[PDB]
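Protein sequences, first through last, are from chains y, K, l, V, o, k, x, W, m and N.
Per the authors' numbering, the very first residue in the first sequence carries number 8; after that it's consecutive.
Per the authors' numbering, the very first residue in the second sequence carries number 1; after that it's consecutive.
Per the authors' numbering, the very first residue in the third sequence carries number 1; after that it's consecutive.
Heads up: the fourth sequence is residues 86 to 101, 109 to 140, going by the authors' numbering.
Per the authors' numbering, the very first residue in the fifth sequence carries number 1; after that it's consecutive.
Per the authors' numbering, the very first residue in the sixth sequence carries number 1; after that it's consecutive.
Per the authors' numbering, the very first residue in the seventh sequence carries number 1; after that it's consecutive.
Per the authors' numbering, the very first residue in the eighth sequence carries number 81; after that it's consecutive.
Per the authors' numbering, the very first residue in the ninth sequence carries number 4; after that it's consecutive.
Per the authors' numbering, the very first residue in the tenth sequence carries number 1; after that it's consecutive.
We treat Cβ as the ideally placed atom computed from N, Cα and C, and that holds for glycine.
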Amino acid sequence: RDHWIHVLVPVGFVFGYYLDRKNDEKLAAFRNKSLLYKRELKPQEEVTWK
Amino acid sequence: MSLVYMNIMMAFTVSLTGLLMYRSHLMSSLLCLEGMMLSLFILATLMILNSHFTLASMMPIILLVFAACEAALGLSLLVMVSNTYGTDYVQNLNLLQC
Amino acid sequence: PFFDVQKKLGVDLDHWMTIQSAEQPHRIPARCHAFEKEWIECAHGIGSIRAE
Amino acid sequence: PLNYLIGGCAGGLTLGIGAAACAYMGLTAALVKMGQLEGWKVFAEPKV
Amino acid sequence: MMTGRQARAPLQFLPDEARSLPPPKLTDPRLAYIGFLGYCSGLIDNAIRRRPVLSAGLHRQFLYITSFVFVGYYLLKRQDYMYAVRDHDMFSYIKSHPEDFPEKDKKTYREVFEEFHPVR
Amino acid sequence: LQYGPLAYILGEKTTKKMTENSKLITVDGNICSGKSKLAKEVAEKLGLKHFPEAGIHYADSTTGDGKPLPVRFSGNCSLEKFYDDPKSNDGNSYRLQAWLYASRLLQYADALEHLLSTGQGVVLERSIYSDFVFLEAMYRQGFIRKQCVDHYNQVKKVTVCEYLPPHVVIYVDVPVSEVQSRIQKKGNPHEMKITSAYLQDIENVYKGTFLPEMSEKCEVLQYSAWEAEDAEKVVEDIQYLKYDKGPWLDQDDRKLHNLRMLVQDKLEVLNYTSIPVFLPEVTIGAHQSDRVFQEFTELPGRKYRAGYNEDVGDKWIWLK
Amino acid sequence: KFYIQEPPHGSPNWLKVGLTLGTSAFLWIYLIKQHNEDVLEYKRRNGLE
Amino acid sequence: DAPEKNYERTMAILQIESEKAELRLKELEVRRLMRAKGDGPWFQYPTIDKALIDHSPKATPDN
Amino acid sequence: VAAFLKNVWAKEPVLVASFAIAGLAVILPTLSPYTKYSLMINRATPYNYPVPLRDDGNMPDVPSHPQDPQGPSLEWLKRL
Amino acid sequence: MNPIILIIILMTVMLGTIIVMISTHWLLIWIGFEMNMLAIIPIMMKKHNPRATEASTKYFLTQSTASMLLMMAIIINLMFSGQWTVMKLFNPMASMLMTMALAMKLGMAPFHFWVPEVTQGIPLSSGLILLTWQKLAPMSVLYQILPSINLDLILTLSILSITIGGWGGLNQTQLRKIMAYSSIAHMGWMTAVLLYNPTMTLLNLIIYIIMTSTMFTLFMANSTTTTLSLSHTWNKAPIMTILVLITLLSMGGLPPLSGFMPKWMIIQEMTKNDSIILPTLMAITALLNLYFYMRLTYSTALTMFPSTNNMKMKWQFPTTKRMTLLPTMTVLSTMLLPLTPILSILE
Ligand SMILES: CCCCCCCCCCCCCCCCCC(=O)OC[C@H](COP(=O)(O)OCCN)OC(=O)CCCCCCCCCCCCCCCCC
Ligand SMILES: CCCCCCCCCCCCCCCCCC(=O)OC[C@H](COP(=O)(O)OCCN)OC(=O)CCCCCCCCCCCCCCCCC
Ligand SMILES: Nc1ncnc2c1ncn2[C@@H]1O[C@H](COP(=O)(O)O)[C@@H](O)[C@H]1O
């Protein structure tokens, strides 16, 4: 690419953004288990948040 | 504790005080150091013969041999000092102040 | 740093001179063979804090 | 604490340099007083 | 502290009971950080001998990265083993002395009195 | 390196190549003694490798492409400006003399390294043992200061004690009249400005200071202007010497291994030339040193280590 | 040529480069084999199959 | 991000960190008791191995 | 390896004799048949008291009197 | 020196330290210290100048006095215990003598008066050995006798070592004496945490040896022995300029560098045991070490620059010196702090 350096920071954002999503599945210990936001699952739904 | 052991310890501390207050020579330091080694030999020997602990009887000889070799090393150091200044004076050994 | 090589490899380099109750030449006893044997068999394996 | 602060500054006036030794020995004797009050250990025994 | 544990089996870098533990993954962030330290050692090695830092010695930088990852994998295995031994001994000593570790009666704040200090 | 302690372990002993022809011979004389032909003549009779006299650009000739660099990178000093104004303001006198001492130190290191790596002797022209004889002759003319002589004696005291003296010192007697005759017949318009008493003081520190102290540590051979013209008489004087003085005789493989490891490390040879003794003729400030260094890095072949420069055609760099 | 003296690194030391790449590849394949044997041993000791 | 996700993620974070803090207090108390009494697996400073003692009949009987 | 040996026997017979005596002192205790008898004599020399054993009932190899058949005998030492 | 003789003597130094490390018997501890001293004496006299003979004489006198005091402690242990196991000592007199003797072998204050002298007298590689390898054997004996070490004595020696290694670094332009007073201060740091957690003793020891080895390797790569000679590094090798100084910013004890890893962990083990005043005072004195060593950092990366003209010749020659493990030791002495819980491998 003629301007390959200009994707070090944007793609470096996206992967970083990606890792935050990758951490959220490790902090899913109380998904649909809180006394406030718990509910029955809708059809075509397997988790409340991802 | 015991009495003759206290005497050999007293000799060890007396040769220590002679080893910790230098007068003029490095040979005096090596002599006080080997008087310390002698008192260690005497006290180890009296303990090992007292308890009839048999296998430790080779220990003072070991305590002799190494330390006598140690004294040889010290003598050689003194000689190199006496090859630079002509005397073995400890006040010629003060170039490492700076 | 006590790298116990003598227990890893299975060599006896200096355990024999360590205590009086070890295997002496011509089975000579020490003066305090029984007392040291009883202190060692009492204080064995329980650690220094309990052994004191 | 304040009395040993006065005592530290009294030891500092007979030390000289004057006001610095006053403040230093006063704060040090204050720490001695507060260690006697709250039980502060300088050579603390190994406990854990 | 735990030197009585490594006294009946001395000089074992990884005991057999360490095999009962999960090893670190090859995408471990700690292991990738050790590989980053290998890449940094390669760049400093090409810098201090005045080589083109990114270009020269790609086999040498590859061996720096590989050697740091190789030593660091076993260091992470031993780290995980030692903290597992620490927690295992902790839990066994808690289970073996209930009288030294009583269950504290948890009181709700409707019983717990706290002195209110007004801020004004 | 190529030679190291492992090569000494594996059997590369440097007394195995020490033969009777392995002699380091230093030819000395005045400015136009005409010894520069004579030394070359010895190089074609004894089979010795001739090293020319170390000028401003010796280190330029040893490294890189072998060409002389511009003067701002090497020297920052001129011989012809010393010929024009020796009492100059900016101090070209001691700066040129200290750069020549460093260049002759690199020459003497190359001489011993060739002698110990090949066993072939080296003919040198005005080695480091005969360099102070210019400095003193400069200080007797007021061209430098006493602090310059102190700085040079410091550098010499910490550098020349690591080495051996040469085997043969060939000295040439040419008086000041014939020296001036050859300078005026030479044709260099700058070199003809050399005064008479400066050449006289060169010859005085030659005869009264250099040669008597070289007489104990080695064997000197002294010639006039016309008997030095014959090369065969000089070679017959060299070969029929009986080498009996000097510290070359008590040289085993350990001392010569230490010396050979010393001289191949060029930064350890040239270490104490630039000691931090702040003298205004040699002290360069931070901005000038920074600017000259960054201009040195962009020279062709000087950006990296020698096998690593793409601008001069180095291949296989990504595998080195 | 460009240089008046031959540098010690003008040519790649093929024995040294070959030993470097071979030792690095050996450490990689031994590391991968060790990790596979460790995950097999973990799943065999703790029953996660 | 949703308030549901942030809320339940905060609850998971507080669970992990409160568990680690309880275990750190237990770590301090276990270390204090094992140093004080010496009956745990830690602080086991070595004594003399009794596999070194000779039990053969000696030269004199009284030992 | 033979002319060198004659040369070193000509120049330095003292060191040749020393290395020959030291080499024989090394190798000959293993090439000897009588070496085992040294071990046997040193382990059959009674510096201590032969402390007797309580007769539990089944020990056929242990005698009851010194003039009994069974027991370690030194007929080889008396005869040789 | 003959290189085969050098290899034999260095393996004998390593053998003496290993015999101190692996032995269950006190006579072999003493034998290993004697072997270590006997073999390290020619390492100091590698160059054969009078300062090395003076340094070796002072080293011989101090280490011989420490060896005889160690043997007296062993003999008093054999009185009051009749045995030879390297374990806790069975007399506080023998405990005090062995603690004093090991403080002499380490050069802990007030027995520090030989450390800046001898390190000044000897070359940089022998000073590297004296300040890295020779710490390993007495710290191992202190690791093995800690149920008998007096608390007040080891804390007195620790804080006195940290204060004197702090105030020794003011008046010095010599790099070797600055490394020696840094040695004294760090030995006070190591023996501060010995009776509380000896894993942090080994962590401080390993981080100290890595930083000291990086600094002496940089000093050997640049052949600089004084501050003023170190000040010419920016014009000769500019990559050498900062690595010395980020390693020395590590050696002060400063985050996020890994030299902040020991001291913090030491404080982390002393606030557990209810000592708040003592780590506060010791790390204020570590800030005093930062004060003087940051002044040296200002000396090299900044103001006192100027060069001489012969440096222009050194630009035409690279370093052919062996900078062995210097990138590895420079990475391991700065960027190791995010791997701080690796310390569990030292249990
Ligand atoms: C393995 C068994 C145990 C061996 C160890 C115990 C040996 C006991 C004796 C110890 C002697 C210690 C000193 C030995 C030094 C040897 C080196 C030596 O002396 O070299 C110099 C010498 C040349 O002589 P020169 O230098 O002139 O003497 C000065 C006076 N003129 O050179 C010589 O003279 C050559 C000397 C070396 C070669 C001698 C070969 C003797 C072979 C005898 C038959 C085979 C014996 C079997 C073992 C092999 C031994 C090599
Ligand atoms: C629980 C932990 C147990 C213990 C773990 C292990 C501890 C290791 C402690 C290492 C101490 C090493 C001291 C130095 C090495 C000893 C031999 C030596 O000095 O070699 C250097 C060598 C000498 O060459 P020479 O020619 O004399 O150079 C002077 C100028 N002529 O060559 C040179 O001078 C070349 C210059 C570079 C030398 C670099 C040497 C670095 C060695 C240490 C590496 C870091 C420590 C080991 C890894 C971490 C473990 C703590
Ligand atoms: N003080 C000095 N004055 C002039 N020339 C000198 C001095 N010191 C050394 N030289 C060198 O000696 C050379 C003269 O020798 P030649 O090449 O025989 O003419 C000059 O060209 C300089 O390179």
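{"Asked": "Proximity below 8 Å, CB of N:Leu205 to CB of N:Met190", "Found": "yes"}
{"Asked": "Enclosing beta strand (DSSP E) for k:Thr26 [first to last residue]", "Found": "24 to 28"}
{"Asked": "Spatial distance of N:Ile178 from N:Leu326 (CA atoms)", "Found": "20 Å"}
{"Asked": "Chain W residues whose Cβ lies nearer than 7 Å to that of y:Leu34", "Found": "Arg89, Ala92, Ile93"}
{"Asked": "Environment of o:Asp105 [buried if 16+ CB atoms lie within 10 Å]", "Found": "exposed"}
{"Asked": "Near ligand 3: k:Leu100 beta-carbon under 7 Å from a heavy atom", "Found": "yes"}
{"Asked": "Cutoff 8 Å: W:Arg115 Cβ touching any chain V Cβ", "Found": "yes"}
{"Asked": "Test item: CB-CB of x:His35 and k:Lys320 under 8 Å", "Found": "no"}
{"Asked": "Test item: CB-CB of N:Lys236 and N:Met311 under 8 Å", "Found": "yes"}
{"Asked": "Strand pairing of k:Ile170, partner residues [DSSP]", "Found": "k:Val27, k:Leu221"}
{"Asked": "Cβ of W:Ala131 within 8 Å of any chain m Cβ", "Found": "no"}
{"Asked": "Cβ neighbour criterion (16 or more within 10 Å) applied to K:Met58", "Found": "exposed"}
{"Asked": "Any non-hydrogen atom of ligand 2 closer than 7 Å to N:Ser213 Cβ", "Found": "yes"}
{"Asked": "W:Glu102 (DSSP reduced to helix, strand or coil)", "Found": "helix"}
{"Asked": "Straight-line Cα distance separating N:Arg51 from K:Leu95", "Found": "7 Å"}
{"Asked": "Outcome for residue 354 of chain k when other beta-carbon atoms lying within 10 angstroms are tallied against a minimum of 16", "Found": "Nothing in the structure corresponds to residue 354 of chain k, since chain k is present only between 1 and 320."}
{"Asked": "Any 3 or more C-beta pairs closer than 8 Å across the stretch 53 to 69 of chain N and the stretch 19 to 33 of chain K", "Found": "yes"}
{"Asked": "Run of the beta strand (DSSP E) containing k:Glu125, from where it starts to where it stops", "Found": "122 to 125"}
{"Asked": "Chain o contacts from the stretch 26 to 43 of chain x (Cβ-Cβ distance under 7 Å)", "Found": "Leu27, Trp28, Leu31, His35, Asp38, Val39, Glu41, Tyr42"}
{"Asked": "Three-way DSSP call (helix, strand, coil) for k:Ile284 in this model", "Found": "strand"}
{"Asked": "Host alpha helix (DSSP H) of m:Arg46 (start-end)", "Found": "38 to 46"}
{"Asked": "Sequence-distant residues of its chain with Cβ nearer than 8 Å to N:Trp30 (five each side left out)", "Found": "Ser67, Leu70, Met71, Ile74"}
{"Asked": "k:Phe134 Cβ short of 7 Å to ligand 3 heavy atom set", "Found": "yes"}
{"Asked": "Whole alpha helix (DSSP H) elements within the stretch 109 to 193 of chain k, 4-residue minimum", "Found": "132 to 139, 146 to 159, 176 to 186"}
{"Asked": "Within chain o, partners of l:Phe3 - CB distance below 9 Å", "Found": "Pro10, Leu11"}
{"Asked": "k:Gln141 beta carbon near ligand 3 (any heavy atom closer than 7 Å)", "Found": "no"}
{"Asked": "Distance cut-off 7 Å: m:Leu34 Cβ against heavy atoms of ligand 1", "Found": "no"}
{"Asked": "Other residues of its chain near N:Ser158: CB distance less than 7 Å, five sequence neighbours each side excluded", "Found": "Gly188, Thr191, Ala192"}
{"Asked": "Closer than 8 Å to chain N by CB, K:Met37", "Found": "yes"}
{"Asked": "Proximity test, Cβ basis, 8 Å: N:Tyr196 and chain V", "Found": "yes"}
{"Asked": "Any non-hydrogen atom of ligand 2 closer than 7 Å to N:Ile210 Cβ", "Found": "yes"}
{"Asked": "Chain x contact for o:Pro22 (CB, 8 Å cutoff)", "Found": "yes"}
{"Asked": "Bridge partner(s) assigned by DSSP for K:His25", "Found": "K:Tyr89"}
{"Asked": "Contact set for k:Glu162: own chain, Cβ-Cβ below 7 Å, skip 5 residues either direction", "Found": "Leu262"}
{"Asked": "Candidates l:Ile46, l:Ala51, l:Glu52: closest to o:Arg5 by CA position", "Found": "l:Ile46"}
{"Asked": "Contact list for l:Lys8 against chain o, beta-carbon separation under 7 Å", "Found": "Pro10, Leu11"}
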